[PDB]
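To keep things clear, I will list the structure first and then write my remarks on it.
In each ligand, atom 1 is the first atom listed, and ligand 1 is the first ligand listed. Just the heavy atoms: all of them, side chains too, but no hydrogens, waters or symmetry mates, feed the values below. All residue numbers refer to positions in the sequence shown, counting from 1.
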Amino acid sequence: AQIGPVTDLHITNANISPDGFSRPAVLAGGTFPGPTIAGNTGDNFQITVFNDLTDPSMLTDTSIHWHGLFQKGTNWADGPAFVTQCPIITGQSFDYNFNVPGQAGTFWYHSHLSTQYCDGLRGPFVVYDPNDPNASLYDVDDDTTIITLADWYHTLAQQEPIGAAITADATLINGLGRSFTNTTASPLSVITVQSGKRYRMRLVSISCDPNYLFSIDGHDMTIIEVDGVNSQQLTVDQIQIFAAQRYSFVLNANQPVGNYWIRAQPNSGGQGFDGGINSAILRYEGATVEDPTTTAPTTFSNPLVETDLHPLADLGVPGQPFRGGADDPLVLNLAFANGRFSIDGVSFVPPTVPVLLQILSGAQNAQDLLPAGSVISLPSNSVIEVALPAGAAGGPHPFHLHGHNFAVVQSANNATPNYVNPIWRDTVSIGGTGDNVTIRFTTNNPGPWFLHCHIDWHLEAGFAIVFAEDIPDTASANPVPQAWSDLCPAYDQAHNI
Ligand SMILES: *[C@@H]1O[C@H](CO)[C@@H](O[C@@H]2O[C@H](CO)[C@@H](O)[C@H](O)[C@H]2NC(C)=O)[C@H](O)[C@H]1NC(C)=O
Ligand SMILES: *[C@@H]1O[C@H](CO)[C@@H](O[C@@H]2O[C@H](CO)[C@@H](O)[C@H](O)[C@H]2NC(C)=O)[C@H](O)[C@H]1NC(C)=O
Ligand SMILES: [Cl-]
Ligand SMILES: [Cu+2]
Ligand SMILES: [Cu+2]
Ligand SMILES: [Cu+2]
Ligand SMILES: [Cu+2]
C-alpha cells in the first residue's frame with residue numbers, strides 16, 4: 001500500500017539481499033525501495049520521520065528531501081543537510097509538514113546527508129491530480145505502475161575506498177535484479193499487465209550515479225510527464241534516464257499475451273543482459289510463468305531526445321530569446337581535479353551551521369554566508385538564466401535545482417537553444433564536452449536552494465552551490481517550527497560540536 005499524506009516513516013538498519021548478496025542497509029519503511037508516499041495535488045503532507053538508525057557504518061544521523069517539491073514557505077522542510085537543517089539524530093523524530101500547491105506528478109524522496117541514500121533510503125513520492133489533463137490516455141495508474149531504477153552496491157557508501165573507481169554491482173528494477181559479477185539467478189521483478197489495457201507507467205530514477213537506457217521489448221512508450229511537468233505525447237522506444245529524473249509513459253498492452261524483457265542498461269557497471277542482469281519482466285495476464293525470450297533491436301528506432309519534448313501547457317520561457325536575456329544571467333564554471341569538483345573555483349563542503357539558520361540569525365548577504373564562495377544570492381521576482389557548460393570529468397552530469405523547476409533552454413548534444421517551447425523539468429543532463437546546457441526560472445520562492453550534480457558521489461566530492469534566493473524575505477516567508485529550531489542544538493550536542 002501507499003502511505004500518506006499524513007504518515008510516520010521509520011528509518012532503520014536491516015539486512016537485504018536484492019541481488020542475492022546480503023548486506024546491511026538504511027531503509028525507509030523496512031523495504032528497498034521505501035514505500036510510496038502519496039497524496040493529491042495541494043495536499044498537506046505531514047511525514048513524521050523516526051530516526052531509528054544504530055549502525056555507524058552508514059551514519060546514524062539522517063535527513064530526508066522530497067525531490068522536486070518546491071517547499072514554498074517551508075524551506076526548513078526541504079531536507080538537504082547543512083543547507084536547510086541539521087540532521088535528525090538517532091532516537092529522535094521530526095515532522096516534515098508541508099504543502100504541494102500547484103504540483104502534480106511523479107517525485108521521490110531520499111536521504112540528503114552524505115551518500116546515505118545510496119545505502120538504501122530512497123523511495124517514490126506521487127502527487128496525483130484528480131483532474132489530470134492526461135487522465136483519458138490510460139486506464140490504470142497506481143502503485144503497481146511505478147517502475148523504479150536503482151543502482152546497488154555491495155560495498156557500503158561510507159566504505160568506498162579513496163582513490164578507487166566507484167561502480168555498482170547490480171541494477172535493481174522495482175527493488176530486484178541480478179549482480180554483474182558472481183551472477184546468481186535471484187528473483188527478477190515482474191510488472192503485470194492485462195491485454196487491451198493502457199497503463200500510466202511512472203518511471204523513477206532513484207540512482208546514485210548511472211543513467212539507464214530503458215526499454216521494453218516489443219513495446220513503445222508514450223511520454224506524458226517529465227519530472228512533474230505534463231508533456232505533449234511523445235512516443236519513443238527507448239528512454240535514457242539520468243539520476244533523479246522521472247517520466248510517465250503510457251504503456252499500451254497491445255502485444256500478444258506473453259512475457260517481454262524490461263531493460264535498464266546503466267552507463268557504467270555491467271554491460272548487456274547475460275544471466276538476466278539489467279532486466280525485469282513484463283508479464284501479461286494469462287502468460288506462462290517463464291522468462292521472456294524476446295530481444296532488443298540492435299538499434300532503437302525512436303530514442304528519446306530531450307528537445308523533442310514540449311510542455312502540455314503553454315509554459316513558454318521567461319526572459320528574452322537570446323543568451324544572457326535574463327535579469328540575472330549566470331554562467332557557472334564547472335570543474336573537476338584531484339578528486340574534488342568545484343563550481344566557480346569553490347568545492348562544496350557542508351557548513352557547520354545550516355545556510356537557512358545563518359540567514360535567520362541575520363546574515364544578510366551571500367558574502368556573509370558559509371561556506372565562503374559556495375552561496376550565491378539571487379534577487380527576487382527576477383528571471384534567472386544559468387548556463388552549465390559541460391567538460392568536467394565523470395559526465396554526463398545530471399544537475400538538479402531544489403525549490404524550482406526550470407525551462408531547459410538548451411539540451412545536451414545540440415547547440416541550438418529553444419526560447420519558445422522547451423520542456424520544463426528539475427534534473428537535466430549537462431551533456432558532453434563543448435555543450436552549453438542552460439536553464440531558466442523566475443525567483444518567486446525565497447530561501448536557500450541547493451544546486452548540485454545528482455550523482456551522489458560527485459555531490460559528496462563538492463559539486464554543488466547554494467542559491468540564496470531573496471535573502472531579505474527568507475525569514476518572513478519561511479516561519480520555522482520549534483522542532484526545527486531544536487535540530488541544530490540536539491545535533492551539535494550529540495556530536496560534541
Ligand atoms: C554558454 O553560454 C553562455 C551565455 O549564456 C556564454 O557566456 C558568455 O561567455 C563569454 C566568454 O566565453 C562572455 O564574454 C560573455 O559575457 C558570456 N555571456 C553572454 C554572451 O551572454 C558561454 O561562453 C557559453 N559557453 C560555452 C562553453 O559555449
Ligand atoms: C536541436 O534543438 C533545436 C532547438 O530545440 C531543435 O529545433 C527545433 O526543431 C523543431 C523540430 O523540427 C522545430 O519545430 C523548431 O522550430 C526548432 N526550434 C529551433 C529554435 O530551431 C532541433 O530539432 C534539435 N535537433 C535535433 C537533431 O533534434
Ligand atoms: Cl527538489
Ligand atoms: Cu531536490
Ligand atoms: Cu535530489
Ligand atoms: Cu556529476
Ligand atoms: Cu538535492
Side-chain angles (χ1 to χ4, degrees), residues 63-72 74-75 77-81 83-85 96 98 100 103 105-118 121-125 150 204-209 227-228 231-232 234 236 240-246 302-311 316-317 321-323 325 397-428 431 435-441 445 447-460 463-467 469:
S63 192
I64 301 189
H65 171 65
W66 321 93
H67 180 120
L69 293 310
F70 302 151
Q71 301 291 353
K72 180 167 179 168
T74 54
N75 174 270
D78 192 44
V83 179
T84 60
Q85 68 176 92
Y96 290 93
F98 63 86
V100 297
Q103 295 189 269
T106 309
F107 306 93
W108 63 295
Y109 61 95
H110 60 79
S111 179
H112 217 312
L113 175 66
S114 183
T115 50
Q116 187 185 69
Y117 89 76
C118 311
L121 207 181
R122 0 177 177 164
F125 187 115
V204 184
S205 169
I206 65 180
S207 187
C208 267
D209 174 2
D227 304 358
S231 70
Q232 295 180 351
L234 181 70
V236 296
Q240 185 170 29
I241 184 175
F242 300 85
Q245 292 181 334
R246 298 80 63 215
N302 295 283
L304 174 65
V305 173
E306 190 176 64
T307 54
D308 291 338
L309 293 162
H310 301 291
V317 179
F322 48 87
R323 303 190 192 286
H397 299 282
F399 266 73
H400 168 60
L401 178 58
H402 291 218
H404 287 280
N405 62 14
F406 49 73
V408 183
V409 303
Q410 186 165 318
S411 295
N413 210 43
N414 181 338
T416 302
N418 180 4
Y419 305 104
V420 180
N421 63 357
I423 201 58
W424 288 58
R425 76 186 304 153
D426 66 47
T427 302
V428 64
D435 286 345
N436 208 7
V437 171
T438 298
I439 68 172
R440 291 189 178 176
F441 59 95
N445 193 5
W449 300 119
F450 218 7
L451 175 73
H452 63 89
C453 183
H454 220 298
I455 294 164
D456 214 34
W457 314 110
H458 298 177
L459 173 55
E460 183 76 354
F463 213 14
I465 203 158
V466 177
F467 282 146
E469 176 172 342

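The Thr307 neighbourhood of ligand 2 comprises atoms 2 (O), 5 (O), 24 (C), 28 (O), with distances under 4.0 Å to a heavy atom of that residue.
Within the 4.0 Å heavy-atom criterion, neither part of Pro422 lies near ligand 2.
With a cut-off of 2.8 Å, the Cu ion (ligand 5) has an N, O or S atom of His67 in range. At least one N/O/S atom of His110, whether from backbone or side chain, sits less than 2.8 Å from the Cu ion (ligand 5).
Using a 30° and 60° split on the angle between ring planes, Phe450 and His112 fall in the tilted class, from 30° to 60°. Taking the six-membered ring where the residue is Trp, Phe98 and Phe125 present parallel rings, their angle staying beneath 30° rather than reaching 60°. Classified by interplanar angle (parallel below 30°, tilted 30° to 60°, perpendicular above 60°), the ring pair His110/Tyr117 is tilted.
Within a 4.0 Å radius of atom 18 (N) of ligand 2, the protein contributes no heavy atom. Within a 4.0 Å radius of atom 12 (O) of ligand 2, the protein contributes no heavy atom. The presence of a protein heavy atom under 4.0 Å from atom 25 (N) of ligand 2 is confirmed. Less than 4.0 angstrom separates atom 3 (C) of ligand 2 from at least one non-hydrogen atom of the protein.
Scanning the protein heavy atoms around atom 5 (O) of ligand 2, the nearest turns out to be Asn418 CB, 3.5 Å. If you check which protein heavy atom lies closest to atom 20 (C) of ligand 2, you get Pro417 O, 3.5 Å.
Vertex the Cu ion (ligand 4), arms ending at NE2 of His65 and NE2 of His400: the angle is 170° after rounding to 10 degrees.
Considering all non-hydrogen atoms of both residues, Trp457 and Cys118 come closest at CZ2-SG, 3.7 Å. Considering all non-hydrogen atoms of both residues, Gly403 and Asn445 come closest at O-ND2, 2.9 Å. Of all heavy-atom pairs spanning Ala243 and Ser207, the tightest one is CB-O, 3.6 Å. Here the closest non-hydrogen pair linking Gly79 and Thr84 is N-OG1, 3.2 Å.
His404 and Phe467 have their aromatic ring centers separated by at least 6.0 angstrom.
Each of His67, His452, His454 was checked for a ring pair (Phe, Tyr, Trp, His ring centres under 6.0 Å) with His402, and the lone residue meeting it is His452.
Looking at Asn413, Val409, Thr416, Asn414, it is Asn414 that brings a heavy atom closest to atom 22 (C) of ligand 2.
Not close to ligand 2: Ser411, with no non-hydrogen atom less than 4.0 angstrom away.
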